[PDB]
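Residue numbers (the authors' numbering), protein chains in the order written: chain A, 637 to 820, 871 to 917; chain B, 39 to 140; chain C, 7 to 159; chain D, 19 to 57; chain E, 18 to 525; chain F, 1 to 9, 40 to 70.
Ideal Cβ positions, reconstructed from N, Cα and C, are used throughout, including at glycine.
I have placed the structure first, in the form of structure tokens, so that the comments after it can refer back to it.
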């Protein structure tokens, strides 16, 4: 599609960016960010816009260690929304890209795909219906079906929360946060409760609870909810 | 594993067959597309045409002319002009506003 | 030179002719490569005892000259003399077509098995599960996990 | 055979990869020049 | 001793100076960039290997006092060459034996000492899996033995060194040649060692064993890989079968490997000659004079004495068979003064209409034409001489007696000069009638061959071909098209200034 | 480059065509015509 980013029309140049934005949005694709880097430079307002939409979808819940272009683009949405001489269509992808980029407090994410291999069809309908903001603006408000969490949940009975506190092993900077600035010696053992967010790339870096009273009967590989056998 | 080494490799021939035919479409497709653009540009040489006189060029296809208004300009030119038709002291044609060679 | 006595009409000199078709099948292999192909004459003849080995050496010489399925039909119809050796750079030549026509036919047998199926020449599937047991017994199960898909069975 | 039926199929395909690939390589830049002339 | 001591010690380090940067760089690139990386994209050690042939073709002549090549073998055979922590000492070992040549005395390899220079696939962790290293470190001593050849107590050392390289060649024939240029990189080494192999182990030894070994080498060729084994194994098959009279010309007709697909313009170039003499001995019907001409025009700038004499002779030898002849001796460089005079003296008789003048050549240099072995093709030219004569006279005179042409053609018999003339009518050549009763052979005046549609065919042969060479001047042309990075339309910030000042004039 | 295996080892051209045709023919005319004067 990078070859199609140089079409002589800005329509196919426009749809190329949303093609990457629907393909690689679950990944911090360094290649796709590399392709979307000059896509904001085009003299057409709506492909500058869709460059910001796909630039928002590529890096949700990604803090600076999946790819360093996150904070390269945080300054960029403010950079284009704080100009007066821009297009409303231009900065519209930025005011859009904020509510996309900080969705749910970095607790929800997109997923057109289960761990099982099956696709997540209401997220599929949510993104296809999300494409047609052209001819109705709250038509792409049908997006909440795409928002899916990234959190493990432990459980032992039909209702009772357990008290499990496991940790991690790998580089702990991956557990970075948004951390707003609000202007008017390193722990890798991240202890977690039952409703704790975790990156799917951080599902492999955690430690299983081996010292708690609880032990998971299931091998912990997916997030969501599992039985956590009290031992 | 040796088993994926042939199936995944005929997978990309099965993928690869749709690229040379597909741009083989584009050997003619931007010919028949391009000729739409080719005669399209000449609208500027409509009829409200003012007259300059060619003086010299800095480089290929960007030049300096002497207008019949008395002043001189650094102008651009139409590409289809045979450049070897230029310069006895060439009576040239200028756009009245954008002020380039016609 | 031994090609000259292929008109003896005594079923012992055909046998003696094929005595010299396996050890010396690299020099006048060039000679009888395109001129004489009377393998199918004695092979289809009622003269037995000498047709069994005849399709072997035609499967040798027709292999290298592009007559691959020609070497494959004679490869099937050559018999017990044919599959007796897997200690050469030649078993690689013949199972490359046998398991080829096997599984590319077995795609159509994944299409319509019921009716108009394979008239197998009883080794076309026999060396399949034979060498597949060699996969099962030569400790390789990254390929025993794979040829069991290759059969589509 | 895997060594001597199945590895006999890696030896054949790669030749079609390398030259039909290369024909595509020539043809795409051949289009790309024309795209430059277009825009 | 000052004379030896002032001209002999600089030879050793300056060949060491070039050999630490040509094939120590082929050591660092052809083993780490082919056995471990791609060499099909980077095949420069093939032509670098050509260079390490060419420099060493005329690099060594002498019996090597001061151990300037004879001390290289105790130097360069002690090689692990496994990995950089095992070759960082080998880079020192390129220097340490200079003290063995210079401070001490090394082992003077003089026709006897090659055996302790051969048994190192074991000494200090030498291997056989890096056959880009062990075939190059096979060839690199397999060359300088057999380069000067030294047929005095060197044929068995050469021979056993060929046995070791043949063990590497069998490991090449059997053991993991896929995608490594184990096969491909050592088809050049195998191919070039076929010539020293073929210049000790052909004419001095039995070639007919290398026939069946070469049929096996061709059998493992074309299955696993179709390049570089499809090429050399066929001229290298051809070169003594042509010298023989074996059937393998028609086997070369029915052969599949007749095309080896762009065989590197050296084997490919000569290959067309090697198939040209095939239809020479099997009766040129003007089929292969284009493949002789093509073999000639694909031949390089080196010297004519190699084979370019013999394609320069044989190329026309087949057109003397047709009847056509140009001036051959037009480029008197190093070819058109030495080896022509019997052969241009031959066609000097052919350009005459004389009969026994051909015999006056054929006795004069019957043996010189047997020195090459063309004489069986030379012997059949009396036919084209006499057809040259009958086209000459039949074109010249019109109503001429047959009782004149036997005497003028010194045929000594008019009674069958009815019959040579008669078959000259029969086979095509001349048309009109003989008054066999009278004796004059009349000939009609056939003019206006233009409206006869022959020169339209003389066009259309060349119309199509000239269109084709324009097509090839197109197809060879479009590789350049590259580095076309960005078709930038105008700008971005100056477009913002254009809409800015445009907004000023629009509010204005 | 140029290894080139060895199995064996104007001013000229207008002169070469007139060498072709003008090859072996009487070489020395000052006397041939002067002896055809009385014989012919």
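Sheet register partners of residue i (DSSP bridge)
i: residue 789/A; result: 911/A
i: residue 103/B; result: 92/B, 111/B
i: residue 804/A; result: 892/A
i: residue 783/A; result: 746/A
i: residue 139/B; result: 132/B
Supposed contact pair residue j and residue i - C-beta distance, whole angstroms, cut 8 Å
i: residue 83/E; j: residue 25/E; result: 4 Å
i: residue 36/C; j: residue 264/E; result: 7 Å
i: residue 41/B; j: residue 149/C; result: 6 Å
i: residue 776/A; j: residue 768/A; result: 7 Å
i: residue 331/E; j: residue 401/E; result: Contact doesn't hold; Cβ gap of about 16 Å is too wide.
i: residue 109/C; j: residue 157/C; result: 7 Å
i: residue 123/E; j: residue 87/E; result: 7 Å
Buried or exposed (CB count within 10 angstroms, at least 16 for buried), residue i
i: residue 815/A; result: exposed
i: residue 174/E; result: buried
i: residue 133/C; result: buried
i: residue 483/E; result: exposed
i: residue 31/E; result: exposed
i: residue 541/E; result: There is no way to answer for residue 541/E, as the model of chain E reaches only from 18 to 525.
i: residue 903/A; result: exposed
i: residue 127/E; result: exposed
i: residue 664/A; result: buried
i: residue 873/A; result: exposed
i: residue 463/E; result: exposed
i: residue 407/E; result: buried
i: residue 386/E; result: buried
i: residue 268/E; result: buried
i: residue 33/D; result: exposed
i: residue 58/E; result: exposed
i: residue 455/E; result: exposed
i: residue 391/E; result: buried
i: residue 820/A; result: exposed
i: residue 755/A; result: exposed
Three-state class that DSSP yields for residue i in the structure shown
i: residue 143/B; result: In the structure displayed, chain B extends from 39 to 140; residue 143/B sits before or after that span and is not available.
i: residue 275/E; result: coil
i: residue 98/B; result: coil
i: residue 723/A; result: coil
i: residue 497/E; result: coil
i: residue 133/B; result: strand
i: residue 32/D; result: helix
i: residue 901/A; result: strand
i: residue 56/E; result: coil
i: residue 421/E; result: helix
i: residue 812/A; result: coil
i: residue 151/C; result: coil
i: residue 85/B; result: coil
i: residue 691/A; result: helix
i: residue 916/A; result: strand
i: residue 882/A; result: strand
i: residue 173/E; result: helix
i: residue 322/E; result: coil
| task | Closer than 8 Å, Cβ to Cβ, to anything on chain D: give me those residues from the region 8 to 42 of chain C, in chain order. | result | Under the 8 Å Cβ criterion, the region 8 to 42 of chain C contributes no residue.
| task | Name, going along the chain, the residues of the region 512 to 525 of chain E whose beta-carbon falls closer than 8 Å to a beta-carbon of chain A. | result | Those residues of the region 512 to 525 of chain E placed with their C-beta closer than 8 Å to a C-beta in chain A are 512, 513, 517, ordered along the chain.
| Of all the residues that make up the region 310 to 323 of chain E, which are near chain F by a beta-carbon distance shorter than 9 Å? | Residues passing the 9 Å Cβ filter: 317, 318, 319, 320, 322, 323.
| task | Using a Cβ-Cβ cut-off of less than 8 Å, list which residues of the region 41 to 53 of chain B approach chain C; keep chain order. | result | For the region 41 to 53 of chain B, which is checked against every Cβ of chain C, the residues closer than 8 Å are 41.
| field | the region 663 to 686 of chain A: positions lying closer than 7 Å to chain E by Cβ | value | Near chain E, meaning a CB-to-CB distance below 7 Å, the residues of the region 663 to 686 of chain A are 677, 679.
| task | Can you give me, in chain order, the residues of the region 24 to 51 of chain D that have a beta carbon less than 8 Å from any beta carbon in chain E? | result | Residues of the region 24 to 51 of chain D with a Cβ closer than 8 Å to any Cβ of chain E, in chain order: 25, 26, 28, 29, 32, 33, 36, 44, 47, 48, 50, 51.
| field | Within 9 Å of chain E by C-beta, residues of the region 42 to 76 of chain C in sequence order | value | Within the region 42 to 76 of chain C, the residues whose Cβ lies closer than 9 Å to some Cβ of chain E are 70, 71, 72, listed in chain order.
| field | Under 8 Å (Cβ pairs) to chain C, residues found in the region 115 to 130 of chain B | value | Answer set for the region 115 to 130 of chain B: empty.
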